[PDB]
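Form deposited in one PDB entry, single chain, as structure tokens, below.
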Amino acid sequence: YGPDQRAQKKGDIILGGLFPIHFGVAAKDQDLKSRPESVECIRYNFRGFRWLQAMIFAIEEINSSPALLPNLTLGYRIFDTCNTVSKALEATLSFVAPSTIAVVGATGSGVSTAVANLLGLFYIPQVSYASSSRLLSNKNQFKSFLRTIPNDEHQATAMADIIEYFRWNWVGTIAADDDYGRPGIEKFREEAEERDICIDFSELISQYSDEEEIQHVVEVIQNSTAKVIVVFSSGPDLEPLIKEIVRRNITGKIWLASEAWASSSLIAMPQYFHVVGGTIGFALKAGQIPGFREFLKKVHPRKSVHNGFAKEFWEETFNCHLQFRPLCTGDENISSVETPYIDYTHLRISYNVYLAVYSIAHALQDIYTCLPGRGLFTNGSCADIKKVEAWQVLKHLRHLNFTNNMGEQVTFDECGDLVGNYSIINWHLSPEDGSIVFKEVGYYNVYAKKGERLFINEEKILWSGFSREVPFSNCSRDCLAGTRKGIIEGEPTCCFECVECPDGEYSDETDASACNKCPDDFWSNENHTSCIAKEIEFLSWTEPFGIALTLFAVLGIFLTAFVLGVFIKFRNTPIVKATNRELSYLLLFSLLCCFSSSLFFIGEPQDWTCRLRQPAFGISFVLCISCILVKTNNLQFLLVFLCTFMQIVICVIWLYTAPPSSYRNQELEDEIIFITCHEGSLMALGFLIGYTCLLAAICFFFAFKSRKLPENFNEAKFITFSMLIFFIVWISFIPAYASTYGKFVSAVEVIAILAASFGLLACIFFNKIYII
């Protein structure tokens, strides 16, 4: 039963094996018009043949070594798969129909699942060397499946770890449509969604995809703008897409390869290097087998009776025919042909096959060496090596713990899986022969804490095979300090737009999603990067004008004092005696008060300065005018007292019913703030000005009626002149009072006060001073 081509040997215990000597079957359309015939597989697999030789070498070495299973020999029964489920099921049917003790598993995950479904019925243990699908770790469906290779969850996590380490957020994914790529892509999608990474496209490929599908995938890749692509597939399934992309000449992409095709000879070609240069992928850990290469080099089509594949091996290696293609003898050298059969650098799957073979032998030895009364079966008994059975071997494999030739313990967990380290490689170009050379740049440690597993040597990486600069795989560029992030409808969060912050607000981050606002008494600078303090505007003594306006007030004070001194010294003189001396003294004191009252309008407006800035001039000028109207021909003193008392009443009631107070205003201009004080009540100020103007008008009329008189050196005309200039300077500033609101309101008030005081002093006293 089974195919004609096989490798067979006899022994006390027989082992099974399945290896992919071919890459795939011949593609054709079978119309059911004639009886269907057997399908043939086409291309050859030197790597699979090397795996088969590794298994045979392990079995033969175990037989030769007398320290393991004495007085007992092992045989084998090995078939070919051509990487197809149908071919592997024919061989498996002959395994369960001599009986096999255990089978060394297949390569593909789907083939392994199909074989294990049949193998688990009879409880025949199956140890695989290359199937890493997470679906095979379910022990409810696969009762007797073990493997020497770890599952792909760690690799899928490592891919996301690498992507996060190189700071990318815009990637695409491609997977093969089988039991190996889909769960891996699902796990990677979960991890990437956890790590805040956006995925643009996701596609499925196959070895038997057609022209429309390949062109659609190529157009999707071409139209996409992401530059990093994660591929979870194998070489036979990835070849057509690579061929089409090479034909279309698409460059500038970054490939993240899984372990299946990170070292495949189908893709690593010099012709394709200009599209797949700089690939970063994963590799397992290499082992050491001493005499393996010597065992490999000794194959021969005539000296290998047990091996049936050696004939076609010779045919494919030497392009000949064994008794158009010529006739080749049996005298050639396999060390002069460039084939992957012996052109290897590390052994990984070969070491997996070695370990999978040795595990069964160790379990058999454990069965053989049992001491009665301390076994694992029923009431402490154990099996017998004369008629041992598959379920007993499976139990002992489930309870196995041994150390290998290198010195590491081998143990299978509850799910029958091992644990192992990963390595990271980079594709380069050989300067001598042009071949692709795999250069190690990092590793992945699975015994470390989360977030401490990845190590990357950045300086040893060429990115497209010729570049030393890390690529750019962001959807959009980063925002600046003065801008914030926007929203583009119909796009993921990884893509946005930068919008400048509005006036009065600032931002200081390169990825800010909003604009900040530092607190009051502050404003945002011109480009809204930082917020600066506001400026306070007010006329103070420091203000240049303030110092000029103070120079003037003290000049007036000094002039009044000098006039008073000249008057008091010459009191008895008839010129002074003509006027009332006490009235002159009171008038000069009131002029002193008027010149002093202008010094309250300058400076910081404290709550008391603005309380008395106005009445200090109002009362003084009222007293001046009242004394002036008196000095014209003591009752007059009491009339003066009445005139001052009337103003005192309204001033006191105003200050006691609605005091004026300081005020900081931030409304006229946003960037600057003012300090100006309102009057509280406006009726009081209006009435003050009205009473002052009423007394002024009364004095003006009274001095107008008696204008034409020469008494007192024509005082009654200079009085009218003084009243006229007072009225003119009061009228001239009404628009300034009613319109502006800055520091110019204070300065004009001081100017008017000084003008009125100076005119009132000069017009009255200059004539008498110039003659005394």
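In case it trips you up, residue 1 is the first one in the sequence shown, and so on. By rigid core we mean the largest C-alpha set that fits within 1.5 Å across both forms.
The discussion below concerns the form deposited in another entry, not included here.
Engineer: Looking between the shown form and the other one after fitting on the rigid core, I'd like to know which of 194, 219, 452, 521 has a C-alpha displacement of 2 Å or more.
Structural biologist: By this measure, the answer is 521.
Engineer: Is the C-alpha displacement of residue 748 equal to or greater than 2 Å between the shown form and the other one once the rigid core has been superposed?
Structural biologist: Yes, because once the rigid core is superposed, the C-alpha of residue 748 moves 2 Å or more between the shown form and the other one.
Engineer: Would the C-alpha of residue 626 be classed as shifted by 2 Å or more between the shown form and the other one after rigid-core alignment?
Structural biologist: Indeed, residue 626 is displaced by 2 Å or more.
Engineer: Tell me whether residue 662 is among the residues that move between the shown form and the other one (Cα shift of 2 angstroms or more, core superposed).
Structural biologist: Yes.
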